[PDB]
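Following: one structure in structure tokens, then a few remarks.
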Amino acid sequence: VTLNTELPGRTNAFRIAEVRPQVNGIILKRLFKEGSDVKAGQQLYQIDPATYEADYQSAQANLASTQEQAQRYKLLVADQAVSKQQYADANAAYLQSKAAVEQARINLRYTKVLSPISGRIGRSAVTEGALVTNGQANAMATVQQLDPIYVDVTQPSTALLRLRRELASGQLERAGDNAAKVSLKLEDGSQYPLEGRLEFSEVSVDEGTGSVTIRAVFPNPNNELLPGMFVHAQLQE
Amino acid sequence: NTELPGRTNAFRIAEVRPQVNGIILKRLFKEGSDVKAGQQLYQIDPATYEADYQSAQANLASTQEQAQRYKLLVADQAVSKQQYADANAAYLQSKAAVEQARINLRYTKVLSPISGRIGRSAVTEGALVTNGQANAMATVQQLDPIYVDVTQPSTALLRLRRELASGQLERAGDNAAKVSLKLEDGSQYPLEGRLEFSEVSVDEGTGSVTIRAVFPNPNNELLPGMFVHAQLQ
Amino acid sequence: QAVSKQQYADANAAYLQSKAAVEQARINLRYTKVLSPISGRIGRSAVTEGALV
């Protein structure tokens with residue numbers, strides 16, 4: 001007849017990432033709506049930059065001053081007008097200031113806490129006015145990418161190598177390199193409109209069984225699909 | 001005929017762990033893919049570690065010329081031994097600081113210890129990690145050469161070892177015999193391996209011996225934890 | 001925001017378990033007086049004084 005392998009498996013986020021502060025300070029602003037969608041590099045919080053701005057302004061000012069003096073003493077020591085010691089001191093101060101600009105520049109950059117990935121942000125563990133710390137145990141927020149979404153399918157090792165063969169023999173239709181065109185039956189019984197992809201590289205092998213988990217990727221442009229849903233994937237042979 | 005049952009095992013396994021504290025900026029592998037020994041799997045944010053390293057190097061530049069200089073000066077008695085000893089102490093401290101800052105910066109690139117297939121990441125981006133933490137971030141298993149692992153009574157083994165010796169048994173190499181492999185679904189592996197008669201473990205209670213066969217696995221057909229049969233004559 | 005949301009949540013949770021722990025302890029202490037369930041005629045005591053119950 002028609003050859004049908006329906007496959008049990010769970011939805012999973014494509015990518016998950018935490019949002020953490022990397023400088024100490026007060027949360028001046030949140031900038032995002034809880035539950036909403038966010039883009040990689042999107043600013044999610046503003047940490048109070050006043051002290052960071054001023055450390056940076058000051059580090060630049062020390063560099064300028066100190067750099068000019070070492071230029072000046074470079075010439076002076078040339079005409080034996082100063083001793084090596086005074087030039088040494090003048091250069092030491094300069095090298096030190098040059099190095100100090102970097103950390104101040106870095107800290108200032110960290111006052112804008114950016115989304116590490118594009119996706120769906122949850123609740124904020126933190127409140128405007130609250131002090132955060134670099135290295136603090138809890139994340140301020142979590143972003144989950146959902147637009148491509150994963151469907152984790154486990155199977156016996158024979159079953160998988162069976163399927164793999166069917167793709168090489170063309171018995172089975174390709175959806176790209178090392179992948180099969182695949183369809184999705186939801187939790188109830190209805191169909192997914194969009195159609196996916198079953199990649200045949202194993203992601204894990206169970207210790208007790210020889211059981212293998214592979215993944216499917218489906219488009220999900222409206223979050224019809226969310227993590228945790230128990231679905232069934234369809235193959236045509 | 002002769003069909004010794006087996007279980008497939010990875011040829012080599014490794015854990016991926018952070019050796020410096022910081023936050024995961026990037027995961028650089030696809031879960032399930034092949035990676036090489038030395039390949040970068042994660043990026044710990046290195047901005048500060050890079051800044052510390054460059055401060056340290058700057059500081060070492062100053063304290064080092066100062067120390068080389070005071071060395072000449074004490075020789076001229078233009079400076080005391082205390083002054084020179086202090087310049088030399090500050091130098092030595094700078095050198096130590098450079099070395100340690102280098103090491104930390106180097107560890108911001110979490111590498112794969114071996115070539116093999118990598119699984120899932122136990123850790124997401126934006127997670128904090130710690131040198132010496134309990135949990136591995138990922139595991140890598142070399143699958144291509146794959147092991148089979150046959151546990152047999154010790155009579156079996158010494159029977160087999162004289163058969164190779166006489167010739168009743170096709171020779172792969174020294175201490176090794178040509179073998180073939182039958183999958184859990186009766187199918188027949190195209191490739192053929194070696195049954196290596198160098199003993200790997202001997203069971204405690206039962207006197208039974210585990211030996212391993214090695215099969216090529218260049219397509220990734222075989223995975224660990226398969227029930228199979230090796231095949232001799 | 002003189003403390004964090006997490007700190008307040010922690011102090012709130014500590015208070016709740018501790019509220020529960022006092023209730024358990026109050027009950028336990030109340031039950032050291034073993035009371036008659038119904039009015040009536042009581043037989044032999046199947047347990048001696050100094051028994052472990």
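Identifiers for the structure tokens are assigned positionally: chains receive A, B, ... in sequence, residues are indexed from 1 per chain, and ligands are indexed from 1 in the order shown.
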
If we count only C-alpha atoms, what is near residue B:221 at a cut-off of 12 Å, once residues fewer than 2 positions away on the same chain are taken out, given as an mmCIF file with C-alpha atoms, in the first residue's frame?
data_model
loop_
_atom_site.group_PDB
_atom_site.id
_atom_site.type_symbol
_atom_site.label_atom_id
_atom_site.label_comp_id
_atom_site.auth_asym_id
_atom_site.auth_seq_id
_atom_site.Cartn_x
_atom_site.Cartn_y
_atom_site.Cartn_z
ATOM 1 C CA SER A 157 19.065 1.846 16.364
ATOM 2 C CA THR A 158 17.811 -0.635 13.677
ATOM 3 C CA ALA A 159 14.878 1.612 12.813
ATOM 4 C CA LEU A 160 17.234 4.565 12.261
ATOM 5 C CA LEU A 161 19.651 2.658 10.037
ATOM 6 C CA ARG A 162 16.688 1.336 8.094
ATOM 7 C CA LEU A 163 15.495 4.881 7.389
ATOM 8 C CA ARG A 164 19.051 6.015 6.608
ATOM 9 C CA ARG A 165 19.262 3.322 3.872
ATOM 10 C CA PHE A 200 19.819 11.674 10.408
ATOM 11 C CA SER A 201 22.807 12.634 12.558
ATOM 12 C CA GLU A 202 22.164 11.313 16.083
ATOM 13 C CA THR B 8 29.281 -1.753 19.874
ATOM 14 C CA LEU B 143 32.972 6.475 16.276
ATOM 15 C CA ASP B 144 34.595 5.945 13.030
ATOM 16 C CA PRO B 145 36.931 3.206 13.982
ATOM 17 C CA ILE B 146 34.300 1.482 16.246
ATOM 18 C CA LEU B 183 23.474 -6.460 12.887
ATOM 19 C CA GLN B 188 25.156 -7.891 7.130
ATOM 20 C CA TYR B 189 27.767 -5.150 7.664
ATOM 21 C CA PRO B 190 29.655 -4.602 4.380
ATOM 22 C CA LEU B 191 32.943 -3.883 6.055
ATOM 23 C CA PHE B 215 35.396 -2.188 12.571
ATOM 24 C CA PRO B 216 35.690 0.737 10.113
ATOM 25 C CA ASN B 217 32.632 2.994 10.337
ATOM 26 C CA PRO B 218 33.232 5.730 7.627
ATOM 27 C CA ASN B 219 29.505 6.289 6.968
ATOM 28 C CA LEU B 223 26.399 3.674 16.859
ATOM 29 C CA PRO B 224 27.382 2.645 20.434
ATOM 30 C CA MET B 226 24.103 -2.090 19.389
#

Find the residues in chain B near chain A: any atom within 9 Å counts, using only C-alpha atoms. Write them as a VMD selection string. chain B and resid 22 to 23 25 to 26 31 to 33 47 to 48 51 to 52 54 to 56 58 to 59 61 to 63 65 to 66 69 118 to 120 124 to 128 183 to 185 220 to 227

Output file for the residues above (N, CA and C atoms, as a compact mmCIF listing (two decimals), in the first residue's frame):
# COMPACT_ATOMS: atom_id res chain seq x y z
N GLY B 22 33.84 32.21 33.74
CA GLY B 22 33.38 33.32 32.95
C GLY B 22 32.01 32.99 32.46
N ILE B 23 31.57 33.71 31.44
CA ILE B 23 30.26 33.46 30.83
C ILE B 23 30.39 32.93 29.35
N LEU B 25 29.85 33.04 25.77
CA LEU B 25 29.49 34.00 24.78
C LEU B 25 28.88 33.24 23.56
N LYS B 26 29.58 32.20 23.11
CA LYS B 26 29.16 31.43 21.94
C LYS B 26 29.40 29.94 22.08
N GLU B 31 25.15 20.56 17.54
CA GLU B 31 25.00 19.34 18.30
C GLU B 31 24.86 18.14 17.34
N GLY B 32 25.43 16.97 17.65
CA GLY B 32 25.46 15.85 16.72
C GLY B 32 26.56 15.82 15.65
N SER B 33 27.31 16.89 15.44
CA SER B 33 28.31 16.92 14.36
C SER B 33 29.65 16.29 14.71
N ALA B 47 36.71 39.39 26.86
CA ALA B 47 37.09 40.83 26.85
C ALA B 47 38.00 41.24 28.03
N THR B 48 37.57 40.94 29.24
CA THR B 48 38.33 41.31 30.45
C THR B 48 39.65 40.57 30.49
N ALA B 51 41.93 42.22 28.26
CA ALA B 51 42.38 43.45 28.91
C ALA B 51 43.41 43.17 30.04
N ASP B 52 43.11 42.26 30.97
CA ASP B 52 44.09 41.90 32.03
C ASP B 52 45.42 41.48 31.41
N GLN B 54 46.84 42.36 28.72
CA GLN B 54 47.52 43.51 28.10
C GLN B 54 48.03 44.52 29.15
N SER B 55 47.25 44.81 30.18
CA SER B 55 47.80 45.46 31.39
C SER B 55 49.06 44.74 31.89
N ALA B 56 48.98 43.41 32.08
CA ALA B 56 50.11 42.67 32.61
C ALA B 56 51.34 42.85 31.74
N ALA B 58 52.09 45.30 29.63
CA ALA B 58 52.51 46.69 29.74
C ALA B 58 53.39 46.86 31.00
N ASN B 59 52.82 46.50 32.15
CA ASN B 59 53.51 46.48 33.41
C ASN B 59 54.84 45.72 33.37
N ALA B 61 56.76 45.29 30.71
CA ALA B 61 57.64 46.13 29.88
C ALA B 61 58.41 47.17 30.76
N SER B 62 57.68 47.96 31.54
CA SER B 62 58.28 48.90 32.49
C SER B 62 59.23 48.26 33.53
N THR B 63 58.73 47.25 34.27
CA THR B 63 59.48 46.68 35.41
C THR B 63 60.68 45.92 34.90
N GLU B 65 62.55 46.75 32.00
CA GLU B 65 63.64 47.66 31.68
C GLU B 65 64.22 48.33 32.95
N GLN B 66 63.35 48.70 33.89
CA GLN B 66 63.80 49.19 35.17
C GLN B 66 64.74 48.25 35.91
N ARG B 69 68.13 47.97 34.04
CA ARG B 69 68.80 49.22 34.22
C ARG B 69 69.45 49.33 35.62
N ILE B 118 30.27 14.87 18.49
CA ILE B 118 29.83 15.54 19.68
C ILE B 118 28.31 15.44 19.82
N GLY B 119 27.83 15.34 21.06
CA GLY B 119 26.41 15.21 21.35
C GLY B 119 25.78 16.57 21.57
N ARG B 120 24.77 16.60 22.44
CA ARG B 120 24.20 17.84 22.95
C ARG B 120 25.16 18.64 23.85
N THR B 124 23.98 26.26 28.05
CA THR B 124 23.51 27.20 27.02
C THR B 124 24.42 28.41 26.94
N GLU B 125 24.24 29.19 25.89
CA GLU B 125 24.85 30.50 25.86
C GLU B 125 24.29 31.38 26.99
N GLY B 126 25.13 32.32 27.44
CA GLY B 126 24.82 33.17 28.57
C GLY B 126 24.88 32.46 29.91
N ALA B 127 25.31 31.20 29.96
CA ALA B 127 25.49 30.49 31.24
C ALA B 127 26.87 30.76 31.81
N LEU B 128 26.97 30.77 33.13
CA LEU B 128 28.21 30.94 33.82
C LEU B 128 28.88 29.61 33.99
N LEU B 183 24.20 -7.43 12.08
CA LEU B 183 23.47 -6.46 12.89
C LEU B 183 22.29 -7.05 13.64
N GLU B 184 21.71 -6.26 14.54
CA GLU B 184 20.63 -6.73 15.41
C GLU B 184 19.38 -7.16 14.63
N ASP B 185 19.29 -6.71 13.37
CA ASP B 185 18.18 -7.07 12.48
C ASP B 185 18.61 -8.07 11.39
N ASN B 220 28.03 6.84 8.81
CA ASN B 220 28.07 6.63 10.31
C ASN B 220 27.06 5.59 10.75
N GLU B 221 27.16 4.39 10.18
CA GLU B 221 26.07 3.42 10.22
C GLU B 221 25.98 2.87 11.62
N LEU B 222 27.12 2.44 12.18
CA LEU B 222 27.18 1.93 13.55
C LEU B 222 27.29 3.02 14.62
N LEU B 223 26.45 2.85 15.64
CA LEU B 223 26.40 3.67 16.86
C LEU B 223 26.72 2.81 18.09
N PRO B 224 27.13 3.42 19.20
CA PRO B 224 27.38 2.65 20.43
C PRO B 224 26.12 1.99 20.94
N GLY B 225 26.29 0.86 21.63
CA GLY B 225 25.17 0.17 22.28
C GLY B 225 24.23 -0.62 21.35
N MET B 226 24.81 -1.22 20.30
CA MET B 226 24.10 -2.09 19.39
C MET B 226 24.44 -3.50 19.76
N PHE B 227 23.44 -4.39 19.68
CA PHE B 227 23.66 -5.83 19.87
C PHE B 227 23.95 -6.42 18.50

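Taking only C-alpha atoms into account, residue A:232 lies nearest to A:8 out of the set A:8, A:178, A:61, A:169.
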
Identify, with DSSP run on backbone atoms, the residues in stretch 89-171 of chain A assigned to alpha helix (DSSP H), and express the list as a ChimeraX atom specification. /A:89-109,157-168

Can you measure atom CA of residue A:41 to atom CA of residue A:114 for me? One decimal in Å is fine. 5.0 Å

With the cut-off set at 12 Å and counting only C-alpha atoms, tabulate each residue of chain C with an atom at most that distance from an atom of chain A, showing the nearest atom pair and its distance in Å to one decimal, ordered by chain and increasing number, as a tab-separated table.
residue	atom	partner	partner_atom	distance
C:1	CA	A:130	CA	5.1
C:2	CA	A:130	CA	7.0
C:3	CA	A:130	CA	7.2
C:4	CA	A:130	CA	6.3
C:5	CA	A:126	CA	6.5
C:6	CA	A:125	CA	7.5
C:7	CA	A:126	CA	10.9
C:8	CA	A:126	CA	11.7
C:9	CA	A:125	CA	10.9

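Among the candidate residues B:197, B:150, B:142, B:109, the one lying nearest to residue B:162 is B:197, with distances computed using only C-alpha atoms.
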
Neighbouring residues of stretch 93-104 of chain B were defined as those with any atom within 6 Å, considering only C-alpha atoms; residues of the same chain fewer than 3 positions away were excluded. Please report them as a PyMOL selection string. chain B and resi 53+56-57+60+90+107

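For stretch 97-131 of chain B, backbone-based DSSP labels the following residues as strand (DSSP E or B): residues 109, 110, 111, 116, 117, 118, 125, 128 and 129 of chain B.
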
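Omitting residue B:232 and its sequence neighbours fewer than 4 positions away, and counting only C-alpha atoms, the residues within 7 Å are residues 1, 2, 3 and 179 of chain B.
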
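Across B:203, B:196, B:86, B:170, the tightest approach to residue B:153 is made by B:203 when counting only C-alpha atoms.
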